[PDB]
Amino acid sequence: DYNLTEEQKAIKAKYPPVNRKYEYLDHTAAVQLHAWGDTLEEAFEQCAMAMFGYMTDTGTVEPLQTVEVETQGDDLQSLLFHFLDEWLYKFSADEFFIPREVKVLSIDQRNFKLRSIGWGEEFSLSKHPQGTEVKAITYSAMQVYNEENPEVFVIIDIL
């Protein structure tokens, strides 16, 4: 499964081949997003911007369009999960939208309701740099530090 130099190919043919009786399965990968802000709404919105920043350079997205994502949860952690998941879906399913920026307009901390919007356009390999695909959001070692200088830690599955 490798690209070889003519030199390396020389080696291989020189020696008896080895019988292989094995295979590789279930390759998995993940990365932990850490985001922060002056408010809890800033930390979530930065978190969504981190996620998308791992899919491309958002600096190259034009804010042609606007999208709104509204969601809710049982607690802040679930709220963050859904918040990220809905956004991911907007990218994943047609329209395959990607925001240049996200802004969280409001978070209700009693009932765990959230309003956000993002501005950008249709994602395209011809137009926009390629980075890593994002497979899913995960509750793995998820933290919401709702306090002075809020911080958010989220693990996402990738390729």
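Numbering starts at 1 and follows the sequence shown.
Colleague: Between 42 to 50 and 119 to 127, which has the higher average C-alpha B-factor in the PDB entry?
Modeller: On average, C-alpha B-factors are higher across 119 to 127.
Colleague: Mean Cα B factor from the PDB record: higher for 88 to 96, or higher for 101 to 109?
Modeller: 88 to 96 has the higher mean C-alpha B-factor.
Colleague: Should residue 134 be placed in the lowest, middle or highest third of its chain by the C-alpha B factor in the entry?
Modeller: Its C-alpha B-factor belongs to the highest third of this chain's values.
Colleague: Would the CA B-factor of residue 151 place it in the lowest, middle or highest third of its chain?
Modeller: Answer is middle: the recorded C-alpha B-factor places it there.
Colleague: Quick one: classify residue 65 as lowest, middle or highest third of the chain based on its Cα B-factor.
Modeller: For residue 65, whose C-alpha B-factor we compare with every modelled residue in the chain, the answer is the middle third.
Colleague: Which third of the chain holds residue 14 when residues are ordered by C-alpha B factor: lowest, middle or highest?
Modeller: Ranked within chain, residue 14 CA B lands in the highest tercile.
Colleague: Lowest, middle or highest third: which one holds residue 56 when the chain's residues are ordered by CA B-factor from the entry?
Modeller: As the PDB entry reports it, the C-alpha B-factor of residue 56 lands in the highest third of its chain.
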